[PDB]
S.K.: 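The structure's right below; bear with me while I get my questions together.
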Amino acid sequence: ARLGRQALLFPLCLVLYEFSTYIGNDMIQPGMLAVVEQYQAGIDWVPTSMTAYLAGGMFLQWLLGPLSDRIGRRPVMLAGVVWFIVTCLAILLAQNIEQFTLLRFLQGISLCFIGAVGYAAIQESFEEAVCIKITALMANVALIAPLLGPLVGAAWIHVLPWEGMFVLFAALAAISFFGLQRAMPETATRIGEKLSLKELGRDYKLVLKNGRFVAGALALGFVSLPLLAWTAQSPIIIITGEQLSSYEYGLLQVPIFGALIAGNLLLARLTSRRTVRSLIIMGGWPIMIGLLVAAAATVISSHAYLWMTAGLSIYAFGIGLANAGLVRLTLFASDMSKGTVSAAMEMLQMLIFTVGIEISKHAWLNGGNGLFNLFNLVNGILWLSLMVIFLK
Ligand SMILES: CCCCCCCCCCCC[N+](C)(C)[O-]
Ligand SMILES: CCCCCCCCCCCC[N+](C)(C)[O-]
Ligand SMILES: [Pr+3]
Ligand SMILES: [Pr+3]
């Protein structure tokens, strides 16, 4: 007795899995101060938790897409959910911060299953119209998690051990596993076919030769890096840096990620009467001004964290308005397999995130908020520079 009611259970559980992998990063960052204290490791390992998680997030997309096409979307997706559960529980037995960070990398591999197999099964399963609605819900979850995560995460370590968070991630994932086991269809259309790694290597070499595709893909990385660098480092900037509490830390997340949502909501309204190109130029203004204000203010006054938050909120508003559009143009900048293009642009932007967060970390360690913000400004200029070519 399962076909109508169990039709929308499949996207629902994939959304739940997407949610748990995202708070798997976003809840952990505030709780990371407790982790650092419990291992007696330096504060420099706080953003490295995210770096490793995102490094794992770019490790397998290239393989998982065409592999799940040959052996099945079901077994590969269920293997990803299981892997997440297992590595979530496995981090409880970590004996030092290096082992913690290593399992943080292994946990992040679970991200690769969302786009390359999960969402591919969505495209293959539903009509164009219904697929749009699921994609919309997936985008909403991506907006809520970086806001709810630091808030719940900061409140969590006030009462419960950080170990408990990973039990929560695995429990949520276990719910999604049983749901995906029952409701996910098999939609792989190349089952039985052999997979050629040499032939797959030729495909990725081909998209990287597309100059216009790479410019847009790097631009998505550079432009979102400030936001990710804030996510990675706000616990150490606010609590250990500014000598503030969890309350301030969490409160400052609201205007920033709230502006992100506001910029996406305005994007939804203006989408019928604006081209993707003009929305990028539209968002370009608050992106540049926001980053400029954050930089200038913390250079003249190192502890002007409210001005920093204000600048990042203005910038975040610009990202909400301009990001989805640039994703769209980058996807269509290469006339090649969507799975390959998606994986390539996911891989490229997460290379910039991982490298950039680590540079960002050293920037703040050596020069405080001024240098943290100046590096963010450079990333904006790099996005802006790529846009003058990508658009003109
Ligand atoms: C508009 C933001 C672009 C970031 C790309 C999304 C990467 C998902 C990785 C999960 C980490 C969550 N986070 C920090 C991005 O909110
Ligand atoms: C936030 C949900 C993600 C799954 C569906 C939307 C992604 C389709 C395009 C893939 C490339 C986009 N990006 C930002 C990951 O590079
Ligand atoms: Pr070929
Ligand atoms: Pr091919």
Side-chain angles (χ1 to χ4, degrees), residues 17-30 47 49-58 61-62 65-67 69-70 104 107-115 138-150 153 169 190 193-207 217 219-235 253 256-257 259-261 263-264 267 283 287 315-327 330 334 336-354 356-357 379 383:
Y17 173 75
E18 191 208 344
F19 183 71
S20 53
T21 54
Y22 280 40
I23 61 166
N25 183 73
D26 302 334
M27 260 187 79
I28 286 308
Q29 281 314 108
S49 168
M50 185 161 163
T51 305
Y53 198 76
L54 299 177
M58 66 180 279
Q61 282 106 331
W62 64 271
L67 180 74
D69 208 9
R70 311 306 196 277
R104 209 81 254 284
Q107 284 163 5
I109 294 166
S110 307
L111 295 162
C112 314
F113 297 83
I114 304 163
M138 282 187 163
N140 295 324
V141 168
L143 258 31
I144 289 161
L147 175 60
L148 181 139
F169 303 147
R190 283 181 178 88
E193 290 183 19
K194 291 186 182 182
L195 181 63
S196 176
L197 293 179
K198 293 179 182 181
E199 193 266 310
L200 198 55
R202 292 182 182 195
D203 294 339
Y204 284 103
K205 281 174 190 172
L206 270 163
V207 277
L220 279 159
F222 294 120
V223 84
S224 290
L225 179 51
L227 192 62
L228 296 223
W230 169 259
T231 294
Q233 298 202 75
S234 50
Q253 307 307 328
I256 290 161
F257 294 102
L260 220 207
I261 291 158
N264 277 103
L267 166 68
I287 288 162
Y315 145 88
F317 183 86
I319 299 299
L321 198 60
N323 222 58
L326 187 51
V327 170
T330 304
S334 173
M336 199 161 180
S337 170
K338 262 186 180 176
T340 304
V341 172
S342 286
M345 62 185 284
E346 217 170 331
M347 221 146 155
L348 281 158
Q349 74 176 233
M350 276 189 286
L351 184 72
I352 290 165
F353 295 157
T354 55
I357 287 162
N379 287 297
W383 167 82

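Just so you know, ligand 1 is whichever comes first in the structure, and atom 1 is the first atom listed for that ligand. The chain is numbered in sequence order, starting from 1. Heavy-atom basis, side chains included; hydrogens, waters and symmetry copies ignored.
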S.K.: What is the nearest protein non-hydrogen atom to atom 5 (C) of ligand 1, stated with its residue, atom name and distance?
M.R.: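 Its nearest protein heavy-atom neighbour is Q349 OE1, 3.7 Å.
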S.K.: Is a side-chain N or O of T231 found less than 3.5 angstrom from the main chain of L227, in a donor-acceptor match?
M.R.: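 Such a contact is found between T231 side chain and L227 backbone.
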S.K.: If the condition is side chain to side chain contact (heavy atoms under 4.5 Å, CB included), which residues does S342 pass it with, not counting sequence neighbours?
M.R.: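 For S342 the side chain to side chain contact (heavy atoms under 4.5 Å, CB included) partners, ignoring immediate neighbours, are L331.
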S.K.: Is there side-chain contact between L206 and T340, with at least one heavy-atom pair below 4.5 Å?
M.R.: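 No, too far: nothing below the 4.5 Å cut-off.
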S.K.: List ligand 1 atoms under 4.0 Å from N323, heavy atoms only on the residue side.
M.R.: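 Every atom of ligand 1 under 4.0 Å from some heavy atom of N323: 1 (C).
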S.K.: Suppose we measure from atom 2 (C) of ligand 1 to each protein heavy atom; which comes out shortest, and what is that distance?
M.R.: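 Heavy-atom neighbour on the protein nearest atom 2 (C) of ligand 1: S224 OG, 4.0 Å.
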S.K.: May I ask you to identify the nearest protein heavy atom to atom 15 (C) of ligand 1, giving residue, atom name and distance to one decimal place in Å?
M.R.: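 For atom 15 (C) of ligand 1, the nearest protein heavy atom comes out as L228 CD2, 3.5 Å.
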S.K.: Is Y17 reaching over with its side chain to a backbone N or O of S110, donor-acceptor style, under 3.5 angstrom?
M.R.: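 Side chain of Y17 to backbone of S110, a donor-acceptor pair under 3.5 Å: yes, one is there.
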S.K.: So, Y315 side chain and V223 main chain: donor-acceptor pair closer than 3.5 Å or not?
M.R.: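 Side chain of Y315 to backbone of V223, a donor-acceptor pair under 3.5 Å: yes, one is there.
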S.K.: Check whether any heavy atom of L54 sits under 4.0 Å from an atom of ligand 1.
M.R.: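 A heavy atom of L54 does come that close to ligand 1.
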S.K.: Just go through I23, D26, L225 and tell me whose heavy atom is the nearest to atom 12 (C) of ligand 1.
M.R.: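 That would be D26.
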S.K.: So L111 and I114, do their side chains get closer than 4.5 Å, heavy atoms only?
M.R.: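 Side-chain contact under 4.5 Å: yes.
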S.K.: Can you name the atoms of ligand 1, numbered from 1 with element, that are less than 4.0 Å from a heavy atom of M50?
M.R.: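 Listed by number with element, the hits are 14 (C).
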S.K.: Without swapping roles, check the side chain of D26 against the backbone of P150 for a donor-acceptor pair under 3.5 Å.
M.R.: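 No; zero donor-acceptor contacts below 3.5 Å.
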S.K.: Tell me: protein heavy atom nearest atom 16 (O) of ligand 1, and distance?
M.R.: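 Heavy-atom neighbour on the protein nearest atom 16 (O) of ligand 1: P146 CB, 3.5 Å.
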S.K.: Around atom 11 (C) of ligand 1, find the nearest protein heavy atom and jot down its residue, atom name and distance.
M.R.: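 Minimum-distance protein heavy atom for atom 11 (C) of ligand 1 reads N25 ND2, 3.7 Å.
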